[PDB]
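Participant: quick one, what's the 3D model for this:
(chains A, B, C, D, E, F and G, ligands or ions: 8)
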Amino acid sequence: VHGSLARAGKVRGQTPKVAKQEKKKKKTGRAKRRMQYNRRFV
Amino acid sequence: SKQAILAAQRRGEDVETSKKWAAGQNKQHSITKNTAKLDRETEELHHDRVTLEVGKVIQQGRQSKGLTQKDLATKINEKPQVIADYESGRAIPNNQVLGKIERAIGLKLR
Amino acid sequence: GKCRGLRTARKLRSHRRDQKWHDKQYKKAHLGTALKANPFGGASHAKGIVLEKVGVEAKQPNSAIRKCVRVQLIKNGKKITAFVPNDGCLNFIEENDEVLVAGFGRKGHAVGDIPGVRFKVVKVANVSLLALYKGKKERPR
Amino acid sequence: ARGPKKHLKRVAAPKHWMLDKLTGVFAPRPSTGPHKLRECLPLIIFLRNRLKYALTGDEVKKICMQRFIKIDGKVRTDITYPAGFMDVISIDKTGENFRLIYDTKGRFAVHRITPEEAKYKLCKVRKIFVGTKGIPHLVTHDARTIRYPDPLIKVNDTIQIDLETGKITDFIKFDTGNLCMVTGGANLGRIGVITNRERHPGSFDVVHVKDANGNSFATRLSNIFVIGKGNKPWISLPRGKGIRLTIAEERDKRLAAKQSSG
Amino acid sequence: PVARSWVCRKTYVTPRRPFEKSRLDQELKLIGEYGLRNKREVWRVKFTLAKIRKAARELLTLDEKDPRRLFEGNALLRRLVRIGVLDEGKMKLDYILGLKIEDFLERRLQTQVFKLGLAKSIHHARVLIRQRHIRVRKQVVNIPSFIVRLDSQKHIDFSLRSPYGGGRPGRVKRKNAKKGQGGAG
Amino acid sequence: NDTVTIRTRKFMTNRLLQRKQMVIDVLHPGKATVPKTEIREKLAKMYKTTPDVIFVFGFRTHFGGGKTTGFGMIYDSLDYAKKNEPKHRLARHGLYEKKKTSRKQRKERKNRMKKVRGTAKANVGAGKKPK
RNA sequence: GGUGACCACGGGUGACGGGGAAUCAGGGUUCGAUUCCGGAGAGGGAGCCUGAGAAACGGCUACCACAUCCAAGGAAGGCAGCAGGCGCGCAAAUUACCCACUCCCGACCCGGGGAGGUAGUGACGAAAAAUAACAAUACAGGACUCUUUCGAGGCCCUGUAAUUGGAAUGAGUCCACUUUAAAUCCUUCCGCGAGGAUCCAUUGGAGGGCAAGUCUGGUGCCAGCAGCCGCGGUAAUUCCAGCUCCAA
Ligand SMILES: [Mg+2]
Ligand SMILES: [Mg+2]
Ligand SMILES: [Mg+2]
Ligand SMILES: [Mg+2]
Ligand SMILES: [Mg+2]
Ligand SMILES: [Mg+2]
Ligand SMILES: [Mg+2]
Ligand SMILES: [Mg+2]
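Facilitator: Numbers count the residues shown, from 1 in each chain, chains lettered A, B, ... in the order given. Ligands and ions are numbered 1, 2, ... in the order given. Coordinates below:
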């Protein structure tokens, strides 16, 4: 083996870590579809 | 109207539904000036920039939270030059960007 | 033209099967040479043991090193080369581990710029590779 | 198989028994008797599924073992005894005296007959032969062997025997214009009058029957049971009188009935 | 060996092309305007209509006065009339071919509860049914996809045990009243 | 108990088992499922008999409350009820108290008896040594 | 003598046959080890006894291959029955309760049945169906109008709200009935049980095919993506992430 596989995982290690943001939960089921209908039609 | 629509839906139907214009998509940069006016207009020939007071407000609010232009721009998902142009009285104001700055620094800019 | 006679069913049917041997898919499915040649033996997945970690150079015009492993299957102990897909997933696989191996998408055909590789690694020793990549689980140490 | 079978799966049971699906794996498996397996009705399903005097097989078994169920005048305690066509079931503690005859859907109907009618039955001659010392015999559609019959009686005629003696009382010949019931096939349970019998040597004879409404139909000679002299039946016909209604007119009759009572 | 049945079938079918703009818009209009939960309910309704239309087409290809055509056409027409999606004047298979799923979606229990004034706002009509406040004639039904027949249409009402018919107010009102009277005299 | 009604449909007297069998409807609009004891004493008042010849079973209540449906038999006398009736229903209100052991124990006892031959003392004392 | 280009004979089958199953214009192409019917077999071959019925394997004899106990002289074996174990593998459940049901067997109303039934495990798969509804104040967005955008609201929607006000309900916890052979589950019903109702919906995607960003930070023909066309060499609509959208 040529030994060229030395830099596996490079960019995913260099990438600065940014934490997720706390956002309020999404509706699910009929309410999500209702909210989706209300913002695409009159 | 909600009252008339729910009144019509409990009886003989005459309601009309129609799709919105920009419905079901995310336009990342919303346009600030109506192009119907901007294509029509031939006479008026000037754009008002941001006032120096607005740039001072952004400067003081940002500096009072340990925050730089790079960090504020990254926080509101814009390039650093548009922040540096808002603070220096050079950039044409955009209400959407201004609102993002207000929620970033907690002040009122309009 | 073709024969249209009322009593020509034998001619039509014999001609059709003699000519059915002339398309690639029917012959591949019905001859048995392809079933004997492929290492999985008609299975969808297989288990094997990693022999070494290799990098294959991508085909032109692309330019990269695609991180693979050399795997020897437990049954019928042929040796295959399997892709290890994601940004850092090669570092999870240690030598002499025992992986599961799936097809790579095109039914025994090479995919992408990776030359001659038909397999990808799913589930290096039994914890799945996606859970390892996403941090859901960790190596059983 | 190395020998005779003793079980019967539930979906392999005869269709006219009207057994359902979810209540078991097995079916009652009628014992050997004077009737064929596909053309009989064992006592367990007659007593449990049709009359509902019982809810399980144990209840059937104990009301049989109390030794009042009589088939053709003899007490039968075997709960899978094949009852079969034109056979008289007498309870004579409650006093019912049923008779087993097909309805027009090909299913064994509950048919109550009078105590005076329960003395006799109709049997169909299937064989006549001369036994040792030159005495003639006949074999019915049951396993009954009658010795010394009338010399005018031939095969596939019917005879009226009375129970508890086994003697022949009367008979009618298989002749054109006599009342018959179809005892097998597509027209099972229908009643009509024989109009024609055309013979096919080697093969089966087909008999053409015309019912009361003029609907003519044909069937094999083995599925013909003559039941009356010309037009009058010698037994009591069940409800519907062997006239098969089409699905449309049966729907109309059902709608009229539910409108009258609803 | 076992007394099971194993008989079952699917009640819907997925569309052939995903991400068709017009189809997505139409079934979203149906979902929003009838208060459905997912696309699967739209697909179930149009599968039902498609099977009816297949039966009607096959009968229409047959000859008039054929006994099977008469029998099954009359049964199908009677069924569609008794569930209210077809009028009594229109008693031919052509009018069966003229039906739309907005006719079937109107006959649901949820739509009937909203349109009877028994609950405002069709989404409130769904949650009112699912919380066991509604009864067809005397049977308490919590099934929003109950298909209301014409005969059992005048008998939709609040159930006798809910706190919109008879008494016994719910646990929230009882809790608030008892904490109020524990805090007071 | 003030508002509980009993209705009987599909009634039949069969003298074959010396009993009267029938389907029972119970209406309990606000209460829980009615216990079988007061069902059978209500039936005792209803058919002018004692609640010793009355056996009720299979009571399933409908969705949403209210109606309940089950079956019952009314016997002519208690000797018949002990004569022809399943022993678990005699046990349910105690007239037949069985004490049987586990069927594993019976089967192992049976195989052990099968292993020793003939002599009454050994074939009986086979369940005396390995205890 | 018999058979054969109207395909005998021979070979293969990852071949038990069929009723049927998937697909779905009409034609057709695949599948059927698998609960019903028919066949065949009981580690492999062979030979028998008894009986109405077997060339039986929860019968016997022999050889072959495995294999158990032994004081070494001998003796005993057959899970492709129900559980359970090892092995094989990508690949599959409890060494549970009962004859109450369905039926079978017996000298038999009474005994027996891992046939069968019941519960356990079970996202193979199929059906139904929660994760909020209603009301009001703020804030921005949208076709509005009262003068023409400026100020409104007599207006109308739509929103992200850890801004309320008080109603409704299960999911759970759980007394009792009911269920049942005895239980369990469902069903019925006391008593508790919701305001970030934190009682928290997820898998895949956002260049085109194909619904959805040229937003921002990082990397710099590397790492990686990409079914296919393709993307990446210091301003990446495609990689790695955050935010926001799309589909089910
Ligand atoms: Mg030509
Ligand atoms: Mg084979
Ligand atoms: Mg098969
Ligand atoms: Mg079989
Ligand atoms: Mg054999
Ligand atoms: Mg043998
Ligand atoms: Mg949840
Ligand atoms: Mg992205």
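
Participant: from here on, contacts and neighbour counts on C-alpha atoms
Facilitator: Fine.

Participant: can you tell me what sits against the top helix by length along chain A?
Facilitator: Across chain A, the helix with the greatest residue count (assigned by DSSP state H) is helix A:30-38. Outside of helix A:30-38, the residues within contact range by Cα atoms under 8 Å, 6 or more residues apart in numbering or on different chains are A:26, E:28-29, E:31-32, E:35-38.

Participant: that helix vs RNA strand G: in contact?
Facilitator: Yes. Applying Cα under 7 Å from any atom of the strand, one finds that helix A:30-38 is in contact with RNA strand G at A:30-31, A:34-36, A:38.

Participant: would you mind listing which of the residues you listed are buried?
Facilitator: Buried members of the residues of helix A:30-38 next to RNA strand G, counted by 16 or more other Cα atoms under 10 Å in any protein chain shown: A:30-31, A:34.

Participant: how many neighbours does residue F:98 have?
Facilitator: 9 (other Cα atoms under 10 Å in any protein chain shown).

Participant: do you know how far it is from chain E?
Facilitator: Here residue F:98 is placed at a distance of 30 Å from chain E (Cα to the nearest Cα, to the nearest Å).

Participant: could you say which helix or strand contains that residue?
Facilitator: Using DSSP states H and E, residue F:98 sits within no helix or strand.

Participant: before we move on, what about residue D:254?
Facilitator: Using DSSP H and E, the secondary-structure element containing residue D:254 is helix D:247-261.

Participant: show me how far that helix is from its chain's centre.
Facilitator: 28 Å (Cα atoms, centre = their mean, to the nearest Å).

Participant: any residue of it up close to chain E?
Facilitator: Yes. Part of helix D:247-261 sits close enough to chain E to count as contact by Cα under 8 Å from any Cα of the partner chain, namely D:247-248.

Participant: ok, and what's touching that helix?
Facilitator: For helix D:247-261, the external contacting residues (Cα under 8 Å, 6+ apart) are residue E:71.

Participant: same check on stretch B:23-30?
Facilitator: A:39-40, B:96.

Participant: between these, which is nearest residue D:192?
Facilitator: Checking these against residue D:192 with Cα to Cα, the nearest one is residue A:40 at 72.7 Å.

Participant: check contacts around the closest one.
Facilitator: Residues in contact with residue A:40 (Cα under 8 Å, 6+ apart) are B:19-20, B:23-24.

Participant: hmm, back to that, want to throw the residues of helix A:30-38 next to RNA strand G into JSON lines with distance to residue D:135?
Facilitator: As requested, the residues of helix A:30-38 next to RNA strand G are arranged in JSON lines below (distance: Cα to Cα, whole Å):
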{"residue": "A:30", "distance to residue D:135": "90"}
{"residue": "A:31", "distance to residue D:135": "94"}
{"residue": "A:34", "distance to residue D:135": "94"}
{"residue": "A:35", "distance to residue D:135": "98"}
{"residue": "A:36", "distance to residue D:135": "97"}
{"residue": "A:38", "distance to residue D:135": "99"}
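
Participant: among these, which one lies nearest to chain D?
Facilitator: Using Cα to the nearest Cα, residue A:30 is the member of the residues of helix A:30-38 next to RNA strand G that lies nearest chain D, at 37.8 Å.

Participant: ok, so what distance separates the residue in chain E positioned nearest to chain B from residue B:13?
Facilitator: In chain E, no residue comes nearer to chain B than residue E:115, which is 4.6 Å away by Cα to the nearest Cα. Residue E:115 sits 11 Å away from residue B:13 when distances are taken as Cα to Cα, to the nearest Å.

Participant: what of residue B:74?
Facilitator: Residue B:74 sits at a distance of 51 Å from residue B:13 (criterion: Cα to Cα).

Participant: what's the answer for residue D:22, then?
Facilitator: Distance check for residue D:22 against residue B:13: by Cα to Cα, it reads 48 Å.

Participant: swap in residue D:202?
Facilitator: According to Cα to Cα, residue D:202 stands 76 Å off from residue B:13.

Participant: ok, the two, which is more surrounded?
Facilitator: When neighbours are counted by other Cα under 10 Å, residue B:13 comes out ahead of the other of residue D:202 and residue B:13, with 10 against 6.

Participant: residue contacts, that one?
Facilitator: With contacts defined as Cα under 8 Å, 6+ apart, residue B:13 is in contact with no residue.

Participant: swap in residue C:54?
Facilitator: For residue C:54, the residues meeting the contact criterion (Cα under 8 Å, 6+ apart) are A:1, A:5, C:67-70.

Participant: now for these: which two are most distant?
Facilitator: For those, the maximum inter-member distance is 13.9 Å, found between A:5 and C:70 (Cα to Cα).

Participant: contacts for stretch D:18-35, please.
Facilitator: D:6-11, D:13, D:37, D:40-42, D:44-45, D:80-84, D:141-143, E:1-5.

Participant: what subset of the residues you listed is buried?
Facilitator: Buried members of the contacts of stretch D:18-35, scored by 16+ other Cα under 10 Å, are D:10, D:13, D:37, D:40-42, D:44-45, D:80-84, D:141-142.

Participant: now for the residues you listed: which two are most distant?
Facilitator: Taking Cα to Cα as the measure, the buried ones among the contacts of stretch D:18-35 span a maximum distance of 27.1 Å, between D:10 and D:141.

Participant: excluding covalently adjacent residues, which one is nearest to the residue positioned nearest the centre of chain E?
Facilitator: Here the mean C-alpha position of chain E is nearest to the C-alpha of residue E:108 (Cα atoms, centre = their mean), at a distance of 2.4 Å. Across the structure, with Cα to Cα, 6 or more residues apart in numbering or on different chains as the measure, the residue nearest residue E:108 apart from its sequence neighbours is residue E:147 (4.6 Å).

Participant: just give the number of residues close to residue 17.
Facilitator: Defaulting to chain A. Close neighbours of residue A:17, defined as other Cα under 10 Å, add up to 8.

Participant: my bad, chain D
Facilitator: As a burial measure, residue D:17 scores 19 neighbours (other Cα under 10 Å).

Participant: what does residue B:84 give?
Facilitator: By other Cα under 10 Å, the residues close to residue B:84 number 17.

Participant: tell me the secondary structure for it?
Facilitator: helix (DSSP: H, G, I helix; E, B strand; the rest coil).

Participant: from chain D, how far off is it?
Facilitator: Taking Cα to the nearest Cα as the measure, residue B:84 falls 80 Å from chain D.

Participant: ok, residue F:25 next?
Facilitator: Distance of residue F:25 to chain D, given as Cα to the nearest Cα: 19 Å.

Participant: other SSEs contacting the helix or strand that contains that residue?
Facilitator: For residue F:25, the enclosing helix or strand under DSSP H and E is strand F:19-28. Helices and strands touching strand F:19-28, as assessed by 3 or more Cα pairs under 8 Å, 6 or more residues apart in numbering or on different chains; DSSP states H and E, comprise strand F:5-14, strand F:66-75.

Participant: tell me which strands that strand pairs with, and in which orientation.
Facilitator: For strand F:19-28, sheet partners with direction are given as strand F:5-14 (antiparallel), strand F:66-75 (antiparallel), following DSSP bridges.

Participant: and the strands in chain E?
Facilitator: Per DSSP state E, chain E carries strands over the ranges E:134-136, E:139-140, E:157-158.

Participant: just send these back as a markdown table, with distance to residue C:93 and mean neighbour count too.
Facilitator: Written out in a markdown table, the entries for the strands of chain E read as follows (distance: least, Cα to Cα, whole Å; neighbours: other Cα atoms under 10 Å in any protein chain shown):
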| stretch | distance to residue C:93 | mean neighbour count |
| --- | --- | --- |
| strand E:134-136 | 60 | 22 |
| strand E:139-140 | 59 | 18 |
| strand E:157-158 | 64 | 20 |
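
Participant: burial check on the nearest residue to residue D:54 once chain neighbours are set aside, number of neighbours?
Facilitator: When the adjacent residues along the chain are set aside, residue D:54 lies closest to residue D:48, with 4.9 Å between them (Cα to Cα, 6+ apart). Residue D:48 has 16 neighbouring residues, counting by other Cα under 10 Å.

Participant: what about stretch D:74-91, distance to the chain center?
Facilitator: The chain centre lies 12 Å from the centre of stretch D:74-91; the measure is Cα atoms, centre = their mean.
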